[PDB]
Amino acid sequence: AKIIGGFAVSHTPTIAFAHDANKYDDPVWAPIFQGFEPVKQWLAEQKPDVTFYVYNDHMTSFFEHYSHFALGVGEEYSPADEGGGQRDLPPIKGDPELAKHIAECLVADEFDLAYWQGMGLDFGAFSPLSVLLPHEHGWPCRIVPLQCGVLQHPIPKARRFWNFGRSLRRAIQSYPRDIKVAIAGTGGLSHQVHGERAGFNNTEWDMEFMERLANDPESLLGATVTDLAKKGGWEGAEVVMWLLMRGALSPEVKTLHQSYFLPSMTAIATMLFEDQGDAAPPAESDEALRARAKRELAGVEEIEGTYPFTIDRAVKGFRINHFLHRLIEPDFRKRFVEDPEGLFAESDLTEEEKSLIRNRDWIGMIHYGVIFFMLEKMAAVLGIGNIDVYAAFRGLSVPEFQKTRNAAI
Amino acid sequence: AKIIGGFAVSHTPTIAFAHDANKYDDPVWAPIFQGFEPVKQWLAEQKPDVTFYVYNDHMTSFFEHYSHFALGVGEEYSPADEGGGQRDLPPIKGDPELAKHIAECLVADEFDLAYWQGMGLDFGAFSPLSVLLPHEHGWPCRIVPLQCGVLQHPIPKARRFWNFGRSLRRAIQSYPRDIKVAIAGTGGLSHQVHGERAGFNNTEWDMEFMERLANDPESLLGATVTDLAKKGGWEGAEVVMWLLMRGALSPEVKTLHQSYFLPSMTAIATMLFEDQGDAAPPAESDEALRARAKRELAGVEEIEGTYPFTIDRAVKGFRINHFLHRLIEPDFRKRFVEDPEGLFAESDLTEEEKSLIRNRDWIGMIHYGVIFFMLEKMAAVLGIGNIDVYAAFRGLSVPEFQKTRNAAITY
Ligand SMILES: O=C(O)c1cc(O)c(O)c(O)c1
Ligand SMILES: O=C(O)c1cc(O)c(O)c(O)c1
Ligand SMILES: [Fe+2]
Ligand SMILES: [Fe+2]
């Protein structure tokens, strides 16, 4: 519930490559890693419990279904295979409870979201995190990733990215736990990596952008995609993600550190911001925002025999739901019927999860967090009509359930 | 550019079952199919060019990544395998041009979207569509699907679905083409298909909801998920999709038809709404809306050597982007290096597309509609540094291009 501050850093994959190759005293790379140092120190000293991490996926985990604001709600994240195998880094833990609270708040404020679990984080995340945080066996903090669809136009306007951050601030502050949260905005600065214009940079615009983001961020909010692409290059226009992070910080921040280097394609820049707290009370109190974020499902627990599929339940039921979802694949479902045990022994299912499936325990799976539409698939594959499932839910014989209907179908 | 009207219809998979199992003379189902006939007849007579189709996917094509408003921008859609194999139905054609226009207007109005291509439509689409439209060889109209994330809470508020509809109305009207567009809201009405409460229905609420939706829809906009699940069953609360559709129509509509049947788990309902056009001119003219939708990329064409990855480009490059995306799979990329010609023959790639990859024609791929991030994967798989790709883009040798860099470095 306390925002300690925020940081901005480029996420170009070269940072990771330079790290993995130990170019720490290379004449080109030495002052660059030195640029990351104050951010690295601040993080080790401040010890945030969670980093809210704003990034974009580079057509790896997001392609055929490509969303604007994709909130990671899952228990943990591994490095994505980008075509060269997964980087050797430990998984980083997520925060389902914080992510759900944020989703509730952001939807109440009429932002439209996507929710995701299980997919890998590409270089947009693990390039800068691997240089910012020590990771021998695990990571020093949890993450809540926000993957932003900045690559397929139209994308949200600059002012929308900013307004998301403003609502995000209130969301994090109203979270009823005494934790410390840092916000990260990544990508940028100037660059262009496609077409005959590949290699464009604008150091002059970069410095201006940094200054304005720090000290007058509102003056950036009228910039169009054309403006940002003209000034910073096509891919450099991803800096709207910095705006989102900056919007989540206090209107006035202190700049603890800032650096800038351009050795090759991308302006590798870093900024560190110390949150100053609120200069005045927010328009709506923490207690009031909490009540408002809960109003949609207020009193839902008074509906008996009902198990609303909320984010917490989706996380709880994720392994078993993911498993049953695979029944839409011809080979998997053939195996489910002929050799279920061989399929179980290969899975990551708990013994209890296997047991629920083997027993065809319909109501138990619902209690546990399986969504009905996965059971529907399971029933179909096993030759079991939906009527059987409903009868089990109700504790009735098939005919006695059928009696509650107007016609037996 | 002309909204002729809209229909509301249940999407329960049981409609497809009865249809496929040929049940038009069965005593239970015959009257039900007769309930669909006024909507079927109106579609056949009115001949919309496109139906804007509002539905939800039932954890089939949308699961690990689950979005609120998922707009289908692609060229065609096939039935999804839902665990029983693909229903035997032909592909239905999309409308990428109208989809792109709609996206531009909606983002300008600050709705946050998802774009998708190539994935199957589950029963949410093909159940009612198969009874409403003839399809033995092909479909009579195009579709623009909008898959709504109604299953994983928090979901957008009722008023948000309605405001989406209001903005969608203007988006379709301002589309500079002389076409007829029908709007479909699907799902509902009362039902609950999970838990000890499974089997719940509420016919009185169903009728009142429909009457209010037809004649006073703004009286519904303060309904919470709890209100809607209490009155209509947990899954019955998806009727916010009906609201979105209703939001897209004239403030006054003529309700040509209403039917209602409850044989089993789901209140099977139909409504046909004739659009009454606009009583007064819109708050913002069509001309002004077109310009505002275009103002984010206004003047981007002045930027040389640049190829904005817009929806039209994402559609054009879809097959080749999708192919090169698969390089993230260990088995596919080993095959790419070891037997590319074999991989090509099994693919759906046109010869133009295969040739581009075969020649490692980097700039030609960018011109074609391949996004750089797919070429980055291809380069890496073949052991080529990004530096060679960039030099190829600039029409320079590696050494020549390196000179433009402050430091000539390796990666
Ligand atoms: O090859 C590079 O320097 C490079 C590759 C990327 O994918 C990227 O996003 C970037 O900013 C730079
Ligand atoms: O077995 C059923 O009647 C059934 C199954 C579904 O997946 C569904 O959405 C529905 O409204 C009814
Ligand atoms: Fe990026
Ligand atoms: Fe549905």
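Here is how names work: the chains are called A, B, and so on, in the same order as the sequence lines, proteins then strands, and each is numbered from 1. For the numbers below, each heavy atom of this structure counts, side chains included, while hydrogens, waters and symmetry mates do not.
Distance check, rounded to the nearest 0.5 Å: CZ of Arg394(B) to CZ of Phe200(A) gives 11.0 Å.
With a 4.5 Å cut-off on non-hydrogen atoms, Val193(B) touches chain A through its backbone and its side chain both. Neither the backbone nor the side chain of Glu329(B) has a heavy atom closer than 4.5 Å to any heavy atom of chain A. Interface remark: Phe336(B) contributes no atoms to any contact with chain A (heavy atom separation under 4.5 Å). Only the backbone of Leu327(A) comes within contact range of chain B, with heavy atoms under 4.5 Å apart. Using a 4.5 Å cut-off between heavy atoms, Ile155(B) contacts chain A through its backbone alone, with no side-chain atom that close. Both the backbone and the side chain of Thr310(A) come within contact range of chain B, judged by heavy atoms closer than 4.5 Å. Neither the backbone nor the side chain of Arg326(B) has a heavy atom closer than 4.5 Å to any heavy atom of chain A. Within the 4.5 angstrom heavy-atom criterion, only side-chain atoms of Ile371(A), from C-beta onward, approach chain B. Using a 4.5 Å cut-off between heavy atoms, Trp29(B) contacts chain A through its side chain alone, with no backbone atom that close. With a threshold of 4.5 angstrom between heavy atoms, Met265(B) approaches chain A through its backbone and through its side chain.
Of the possible donor and acceptor atoms, one in the side chain of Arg333(B) sits under 3.5 Å from a partner among the backbone N and O of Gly83(A).
The one candidate from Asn386(A), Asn406(A), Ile387(A) that meets the side-chain contact (heavy atoms from CB on, under 4.5 Å) condition with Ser264(B) is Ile387(A). Just one residue in the list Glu110(A), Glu104(A), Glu296(A) forms a salt bridge (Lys or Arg N to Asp or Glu O under 4.0 Å) with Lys157(B), and that residue is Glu110(A).
The aromatic rings of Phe63(B) and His325(A) lie parallel to each other, with less than 30° between the two planes, well short of the 60° mark.
For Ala298(B) against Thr226(A), the heavy-atom pair with the smallest separation is O-OG1, 3.1 Å.
Counting heavy-atom pairs under 4.5 Å between each of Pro154(A), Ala293(A), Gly149(A) and chain B puts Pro154(A) at the top.
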